[PDB]
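Here is protein-v9.cif, consisting of mmCIF, C-alpha atoms and all ligand atoms:
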```cif
data_target
loop_
_atom_site.label_atom_id
_atom_site.label_comp_id
_atom_site.auth_asym_id
_atom_site.auth_seq_id
_atom_site.Cartn_x
_atom_site.Cartn_y
_atom_site.Cartn_z
CA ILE A 726 63.10 -16.75 66.82
CA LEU A 727 59.92 -16.68 64.72
CA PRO A 728 59.88 -15.82 61.00
CA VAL A 729 56.80 -14.06 59.65
CA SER A 730 57.58 -13.55 55.93
CA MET A 731 60.20 -14.16 53.26
CA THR A 732 61.20 -13.01 49.77
CA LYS A 733 58.40 -12.19 47.32
CA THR A 734 59.04 -13.55 43.82
CA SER A 735 57.02 -13.16 40.62
CA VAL A 736 57.66 -15.53 37.70
CA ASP A 737 55.97 -15.36 34.29
CA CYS A 738 56.14 -17.90 31.47
CA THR A 739 56.67 -15.21 28.82
CA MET A 740 60.11 -14.47 30.33
CA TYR A 741 61.03 -17.87 31.81
CA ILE A 742 59.78 -20.53 29.38
CA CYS A 743 60.08 -18.35 26.26
CA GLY A 744 62.92 -15.98 25.44
CA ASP A 745 62.98 -13.82 22.30
CA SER A 746 61.10 -16.24 20.03
CA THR A 747 57.59 -16.00 18.61
CA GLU A 748 56.94 -19.74 18.15
CA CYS A 749 57.10 -20.33 21.92
CA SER A 750 54.47 -17.62 22.49
CA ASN A 751 52.21 -19.22 19.87
CA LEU A 752 52.67 -22.67 21.43
CA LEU A 753 51.99 -21.28 24.92
CA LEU A 754 48.44 -20.29 23.93
CA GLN A 755 47.32 -23.85 24.68
CA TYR A 756 48.88 -23.50 28.16
CA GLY A 757 47.92 -19.87 28.78
CA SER A 758 45.45 -20.79 31.53
CA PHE A 759 48.17 -22.72 33.39
CA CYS A 760 50.45 -19.67 33.42
CA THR A 761 47.52 -17.42 34.38
CA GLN A 762 46.78 -19.67 37.36
CA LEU A 763 50.46 -19.76 38.36
CA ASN A 764 50.75 -15.96 38.13
CA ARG A 765 47.56 -15.52 40.15
CA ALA A 766 48.86 -17.94 42.80
CA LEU A 767 52.17 -16.06 43.02
CA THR A 768 50.33 -12.72 43.24
CA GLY A 769 48.13 -14.09 46.03
CA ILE A 770 51.20 -15.41 47.85
CA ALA A 771 52.84 -11.97 47.62
CA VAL A 772 49.64 -10.25 48.81
CA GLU A 773 49.29 -12.66 51.75
CA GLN A 774 52.94 -12.16 52.73
CA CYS B 291 42.34 -3.78 25.52
CA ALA B 292 44.93 -1.61 23.72
CA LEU B 293 43.61 1.96 24.05
CA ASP B 294 43.69 3.01 27.72
CA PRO B 295 45.24 1.51 30.87
CA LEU B 296 41.80 1.82 32.49
CA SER B 297 40.31 -0.14 29.58
CA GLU B 298 43.13 -2.69 29.87
CA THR B 299 42.39 -3.09 33.59
CA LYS B 300 38.67 -3.47 32.82
CA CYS B 301 39.25 -6.10 30.12
CA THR B 302 41.96 -8.00 32.03
CA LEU B 303 39.58 -8.87 34.90
CA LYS B 304 36.51 -9.70 32.73
CA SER B 305 34.47 -7.14 34.69
CA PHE B 306 33.03 -3.75 33.73
CA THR B 307 33.72 -2.27 37.19
CA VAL B 308 36.93 -1.64 39.13
CA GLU B 309 37.52 -1.14 42.85
CA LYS B 310 40.36 0.33 44.89
CA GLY B 311 43.76 -1.35 44.73
CA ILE B 312 46.48 -2.18 42.22
CA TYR B 313 46.25 -4.61 39.30
CA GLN B 314 48.77 -6.40 37.09
CA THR B 315 47.60 -5.84 33.51
CA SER B 316 50.58 -6.88 31.36
CA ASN B 317 54.39 -6.91 31.22
CA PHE B 318 56.92 -4.30 30.13
CA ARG B 319 59.70 -5.27 27.71
CA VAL B 320 62.43 -3.29 25.95
CA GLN B 321 62.83 -4.58 22.40
CA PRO B 322 66.32 -4.60 20.85
CA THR B 323 66.99 -1.92 18.24
CA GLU B 324 70.46 -2.55 16.76
CA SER B 325 72.22 -5.81 15.91
CA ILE B 326 76.03 -5.70 15.84
CA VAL B 327 78.55 -8.50 15.32
CA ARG B 328 82.20 -8.20 16.37
CA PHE B 329 84.89 -10.56 15.08
CA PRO B 330 88.72 -10.60 14.83
CA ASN B 331 90.00 -7.97 12.40
CA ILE B 332 93.40 -9.52 11.58
CA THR B 333 91.70 -11.81 9.02
CA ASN B 334 92.75 -9.62 6.11
CA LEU B 335 91.55 -10.10 2.55
CA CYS B 336 93.50 -12.75 0.68
CA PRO B 337 95.82 -11.39 -2.05
CA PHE B 338 93.78 -12.95 -4.89
CA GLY B 339 93.12 -9.40 -6.14
CA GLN C 920 64.01 -3.72 93.43
CA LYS C 921 67.70 -2.97 92.85
CA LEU C 922 68.55 -6.69 92.84
CA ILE C 923 65.82 -7.46 90.28
CA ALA C 924 66.87 -4.51 88.11
CA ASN C 925 70.49 -5.69 88.19
CA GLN C 926 69.35 -9.23 87.34
CA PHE C 927 67.36 -7.92 84.37
CA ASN C 928 70.33 -5.85 83.15
CA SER C 929 72.66 -8.85 83.50
CA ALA C 930 70.19 -11.04 81.61
CA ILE C 931 69.97 -8.45 78.81
CA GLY C 932 73.77 -8.34 78.63
CA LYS C 933 73.89 -12.14 78.63
CA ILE C 934 71.52 -12.45 75.66
CA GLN C 935 73.46 -9.65 73.94
CA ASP C 936 76.72 -11.59 74.36
CA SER C 937 75.09 -14.88 73.33
CA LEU C 938 73.49 -13.40 70.20
CA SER C 939 76.87 -12.00 69.09
CA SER C 940 78.53 -15.44 69.33
CA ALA C 944 73.86 -18.34 64.53
CA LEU C 945 70.16 -17.86 63.84
CA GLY C 946 68.41 -21.02 62.70
CA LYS C 947 64.80 -20.05 62.04
CA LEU C 948 65.62 -16.84 60.15
CA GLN C 949 68.33 -18.48 58.02
CA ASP C 950 66.33 -21.44 56.66
CA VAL C 951 63.50 -19.25 55.32
CA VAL C 952 66.06 -17.61 53.03
CA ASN C 953 68.17 -20.71 52.33
CA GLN C 954 65.32 -22.86 50.97
CA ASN C 955 64.15 -19.92 48.84
CA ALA C 956 67.67 -19.49 47.45
CA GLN C 957 67.89 -23.23 46.73
CA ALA C 958 64.51 -23.16 44.95
CA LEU C 959 65.56 -20.16 42.85
CA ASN C 960 68.89 -21.82 42.01
CA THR C 961 67.03 -24.97 40.93
CA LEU C 962 64.71 -22.78 38.83
CA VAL C 963 67.66 -21.28 36.95
CA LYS C 964 69.41 -24.66 36.71
CA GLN C 965 66.33 -26.23 35.10
CA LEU C 966 66.83 -23.91 32.11
CA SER C 967 70.05 -25.74 31.19
CA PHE D 823 70.61 -7.51 61.10
CA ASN D 824 74.30 -8.29 60.55
CA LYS D 825 74.04 -11.89 61.78
CA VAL D 826 71.69 -13.15 59.04
CA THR D 827 72.65 -12.69 55.38
CA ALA D 852 72.10 -13.27 38.72
CA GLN D 853 68.74 -14.64 39.86
CA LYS D 854 66.84 -11.70 38.31
CA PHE D 855 68.54 -12.03 34.91
CA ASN D 856 65.93 -14.48 33.54
CA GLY D 857 62.73 -12.59 34.36
CA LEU D 858 62.54 -13.85 37.96
CA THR D 859 61.89 -10.40 39.40
CA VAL D 860 61.63 -9.69 43.13
CA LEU D 861 58.89 -7.47 44.57
CA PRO D 862 59.99 -5.17 47.42
CA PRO D 863 57.93 -5.40 50.62
CA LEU D 864 55.27 -2.81 51.37
CA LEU D 865 56.75 -2.06 54.81
CA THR D 866 60.43 -1.11 54.82
CA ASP D 867 62.89 -2.03 57.56
CA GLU D 868 62.80 1.50 59.00
CA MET D 869 59.00 1.33 59.28
CA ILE D 870 59.25 -2.05 61.03
CA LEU E 533 80.59 -0.66 19.16
CA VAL E 534 77.60 0.72 21.08
CA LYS E 535 77.63 0.73 24.89
CA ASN E 536 75.03 1.46 27.60
CA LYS E 537 72.21 0.67 25.15
CA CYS E 538 69.90 -2.32 24.72
CA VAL E 539 71.37 -4.00 21.63
CA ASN E 540 71.62 -7.51 20.21
CA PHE E 541 74.93 -9.23 19.53
CA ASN E 542 76.50 -12.54 18.49
CA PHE E 543 79.82 -12.92 20.33
CA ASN E 544 80.77 -16.25 18.70
CA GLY E 545 78.96 -18.36 21.29
CA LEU E 546 75.59 -16.82 22.13
CA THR E 547 72.80 -14.51 20.96
CA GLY E 548 71.95 -12.26 23.91
CA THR E 549 70.29 -8.85 24.08
CA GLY E 550 71.43 -6.31 26.65
CA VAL E 551 73.63 -3.35 27.47
CA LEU E 552 77.45 -3.41 27.57
CA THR E 553 78.62 -1.53 30.66
CA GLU E 554 82.30 -0.80 31.24
CA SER E 555 83.77 -3.24 33.75
CA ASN E 556 86.31 -2.86 36.56
CA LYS E 557 87.78 -6.39 36.66
CA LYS E 558 90.47 -7.75 34.34
CA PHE E 559 90.20 -11.21 32.78
CA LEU E 560 92.91 -13.82 32.26
CA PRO E 561 94.54 -13.95 28.80
CA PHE E 562 92.84 -17.22 27.78
CA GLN E 563 89.38 -16.36 29.17
CA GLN E 564 86.99 -15.48 26.33
CA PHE E 565 83.65 -15.96 28.14
CA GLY E 566 82.25 -15.17 31.58
CA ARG E 567 80.00 -16.88 34.10
CA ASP E 568 78.32 -16.30 37.45
CA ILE E 569 76.73 -18.47 40.15
CA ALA E 570 73.72 -19.19 37.92
CA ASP E 571 73.81 -20.46 34.31
CA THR E 572 73.24 -17.01 32.80
CA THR E 573 75.87 -15.23 30.72
CA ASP E 574 76.95 -12.05 32.51
CA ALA E 575 80.43 -11.20 31.16
CA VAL E 576 82.20 -11.44 27.81
CA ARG E 577 85.46 -10.25 26.25
CA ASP E 578 85.45 -7.96 23.21
CA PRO E 579 87.75 -9.44 20.51
CA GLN E 580 88.53 -5.98 19.07
CA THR E 581 90.65 -4.26 21.75
CA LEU E 582 90.53 -6.94 24.49
CA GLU E 583 87.87 -5.04 26.45
CA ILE E 584 85.73 -6.56 29.21
CA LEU E 585 82.03 -5.62 29.20
CA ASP E 586 79.12 -6.59 31.44
CA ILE E 587 75.76 -8.05 30.40
CA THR E 588 72.52 -6.66 31.81
CA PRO E 589 68.97 -7.38 30.59
CA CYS E 590 66.66 -4.44 29.95
CA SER E 591 63.27 -6.14 30.40
CA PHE E 592 62.61 -5.89 34.14
CA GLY E 593 59.28 -6.26 35.92
CA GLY E 594 55.89 -5.55 34.41
CA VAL E 595 53.10 -2.96 34.23
CA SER E 596 50.94 -2.04 37.22
CA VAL E 597 47.84 0.17 37.01
CA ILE E 598 46.46 2.10 39.99
CA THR E 599 42.72 2.81 39.82
CA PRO E 600 40.84 5.00 42.34
CA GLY E 601 37.74 2.83 41.84
CA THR E 602 34.28 3.04 40.35
CA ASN E 603 32.13 6.20 40.54
CA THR E 604 35.10 8.13 41.98
CA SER E 605 37.50 9.05 39.17
CA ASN E 606 38.42 8.22 35.58
CA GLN E 607 42.22 8.66 35.35
CA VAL E 608 44.75 6.01 36.37
CA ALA E 609 48.42 5.90 37.35
CA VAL E 610 50.90 3.70 35.47
CA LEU E 611 53.68 2.06 37.50
CA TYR E 612 56.67 0.08 36.23
CA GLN E 613 57.97 -2.55 38.62
CA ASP E 614 61.78 -2.78 38.68
CA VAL E 615 63.18 -0.79 35.75
CA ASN E 616 65.27 2.37 35.82
CA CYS E 617 63.36 5.40 34.57
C1 LIG F 1001 93.53 -9.07 40.90
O1 LIG F 1001 92.82 -8.21 39.99
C2 LIG F 1001 92.97 -6.81 40.28
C3 LIG F 1001 92.10 -6.06 39.30
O2 LIG F 1001 91.00 -6.85 38.88
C4 LIG F 1001 94.45 -6.42 40.19
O3 LIG F 1001 94.59 -5.05 40.55
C5 LIG F 1001 95.29 -7.30 41.11
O4 LIG F 1001 96.67 -7.02 40.93
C6 LIG F 1001 95.03 -8.78 40.83
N1 LIG F 1001 95.77 -9.61 41.76
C7 LIG F 1001 96.72 -10.46 41.37
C8 LIG F 1001 97.38 -11.25 42.47
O5 LIG F 1001 97.04 -10.60 40.20
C1 LIG F 1002 92.41 -4.14 14.75
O1 LIG F 1002 93.08 -3.24 13.84
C2 LIG F 1002 93.84 -2.21 14.49
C3 LIG F 1002 94.38 -1.31 13.40
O2 LIG F 1002 95.22 -2.02 12.51
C4 LIG F 1002 94.94 -2.84 15.34
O3 LIG F 1002 95.66 -1.81 16.01
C5 LIG F 1002 94.32 -3.80 16.35
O4 LIG F 1002 95.35 -4.45 17.09
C6 LIG F 1002 93.45 -4.84 15.65
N1 LIG F 1002 92.80 -5.70 16.63
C7 LIG F 1002 93.24 -6.93 16.95
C8 LIG F 1002 94.45 -7.43 16.22
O5 LIG F 1002 92.66 -7.62 17.79
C1 LIG F 1003 69.04 5.50 35.73
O1 LIG F 1003 69.75 6.01 34.59
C2 LIG F 1003 70.19 7.37 34.74
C3 LIG F 1003 70.82 7.77 33.43
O2 LIG F 1003 70.15 7.18 32.33
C4 LIG F 1003 71.14 7.48 35.93
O3 LIG F 1003 71.51 8.84 36.11
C5 LIG F 1003 70.48 6.95 37.19
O4 LIG F 1003 71.42 6.93 38.26
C6 LIG F 1003 69.95 5.53 36.97
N1 LIG F 1003 69.25 5.06 38.15
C7 LIG F 1003 69.51 3.88 38.73
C8 LIG F 1003 68.68 3.56 39.94
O5 LIG F 1003 70.37 3.12 38.30
#
```

Translate the structure of the given file into structure tokens.
Amino acid sequence: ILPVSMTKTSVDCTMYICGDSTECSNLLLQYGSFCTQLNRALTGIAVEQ
Amino acid sequence: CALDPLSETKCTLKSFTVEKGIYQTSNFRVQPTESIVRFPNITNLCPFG
Amino acid sequence: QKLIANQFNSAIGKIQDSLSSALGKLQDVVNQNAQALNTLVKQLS
Amino acid sequence: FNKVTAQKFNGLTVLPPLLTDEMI
Amino acid sequence: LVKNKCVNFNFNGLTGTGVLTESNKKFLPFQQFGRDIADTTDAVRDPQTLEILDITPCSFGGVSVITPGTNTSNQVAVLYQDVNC
């Protein structure tokens, strides 16, 4: 038995960290690069898989 | 960045050229339209009238 | 040749019976992902 | 297939694979 | 009451936005709220006529753009990830 892939998941901060509020989006501008890097890493993981 | 999907793809990669493949430009969200509250209806008006 | 063919058929039937009796490598790669997702939702509370 | 066996309600979407099970 | 439409509500304990699909399971008399495996509200009881409705978010997936490339074409194709359409 040898696995080769698994489930592909995509998580964004605009739907996970913040819900339906505007203050969270304004406060996430200081951490926008972190979420961009996380989204790019998840996209690369999905592409590799 | 808010006129054409091609322009959005161009301005979301910080490059004036685009190659073959797919790209994640933004997210799609359905905004709420109507707000309704539902509460018990047996709370009749007091007879102070 | 007949003996080797019968041996191969019996081996195929043996692995068919043994597989129906669970998978370890294919089950973990989903179980850890499910645990990570469950922890992700639980961190919201 | 039968031997081996919400989470998407908070924006944790799942991307389907490029190659389906029939193609595999 | 509006069903099968993305609407906002305040059912005495939460402020969630989503559709209200007709259910097929009956609740107990003293159950007012619902729960699933995760900590996300998925079911609730209507206090008007004791009706059970489901909760389903409308924002699913994102926006994907397909481009033929440079010096080949100018039109693109817009793809939505995991929403009904
Ligand atoms: C369980 O619920 C179903 C409908 O949700 C109902 O038909 C059935 O009678 C219930 N079983 C018991 C033991 O109450
Ligand atoms: C709401 O009012 C109607 C009409 O009087 C009544 O039939 C119904 O039972 C009420 N809902 C309750 C008491 O939950
Ligand atoms: C999408 O909604 C339409 C009606 O609005 C329905 O007929 C169709 O079955 C739905 N598709 C899915 C995949 O749920």

Test item: chain A residues at most 10 Å from chain E, counting all atoms listed in the file, as an MDAnalysis selection string: chainID A and resid 735:737 740 744:745

Within 9 Å of chain D: residues of chain E, using only C-alpha atoms, as an MDAnalysis selection string: chainID E and resid 568:572 574 588:589 591:593 613:614

Selection as a ChimeraX atom specification: residues within 10 Å of ligand LIG 1003 (chain F) by all atoms listed in the file: /E:536-537,614-617

Interface list for chain B, partner chain E, 8 Å threshold, all atoms listed in the file, as a list in words: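 The contacting residues on chain B are residues 295, 296, 299, 307, 308, 309, 310, 311, 312, 313, 314, 315, 316, 317, 318, 319, 320, 321, 322, 323, 324, 325, 326, 327, 328, 329, 330 and 331 of chain B.
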
d(CA of residue 306 (chain B), CA of residue 756 (chain A)) in Å: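 CA of residue 756 (chain A) lies 25.9 Å from CA of residue 306 (chain B).
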
Given only C-alpha atoms and all ligand atoms as the counted atoms, nearest of B:303, B:334, B:292, B:298 to ligand LIG 1002 (chain F):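 Between B:303, B:334, B:292, B:298, the residue approaching ligand LIG 1002 (chain F) most closely is B:334.
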
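Listed by chain and then residue number, the contacts of ligand LIG 1001 (chain F) are residues 555, 556, 557, 558, 559 and 560 of chain E (distance at most 10 Å, using only C-alpha atoms and all ligand atoms).
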
Take the residues that were just selected and, keeping C-alpha atoms, output them as an mmCIF file, keeping the file's coordinate frame.
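Below is the file result.cif, written as the result:
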```cif
data_model
loop_
_atom_site.group_PDB
_atom_site.id
_atom_site.type_symbol
_atom_site.label_atom_id
_atom_site.label_comp_id
_atom_site.auth_asym_id
_atom_site.auth_seq_id
_atom_site.Cartn_x
_atom_site.Cartn_y
_atom_site.Cartn_z
ATOM 1 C CA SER E 555 83.770 -3.240 33.750
ATOM 2 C CA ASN E 556 86.310 -2.860 36.560
ATOM 3 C CA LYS E 557 87.780 -6.390 36.660
ATOM 4 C CA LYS E 558 90.470 -7.750 34.340
ATOM 5 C CA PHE E 559 90.200 -11.210 32.780
ATOM 6 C CA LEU E 560 92.910 -13.820 32.260
#
```

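Interatomic distance, CA of residue 561 (chain E) against CA of residue 577 (chain E): 10.1 Å.
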
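A straight line drawn from CA of residue 728 (chain A) to CA of residue 954 (chain C) is 13.4 Å long.
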
Residues of chain C within 10 Å of chain A, counting all atoms listed in the file, as a PyMOL selection string: chain C and resi 945-952+955-956+959+962-963+966

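Proximity of A:755, A:774, A:747, A:739 to chain B, computed with only C-alpha atoms, is greatest for A:739.
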
Of the listed residues A:752, A:760, A:766, A:738, that which approaches chain D most closely, counting all atoms listed in the file: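 Of all the options, A:738 lies closest to chain D.
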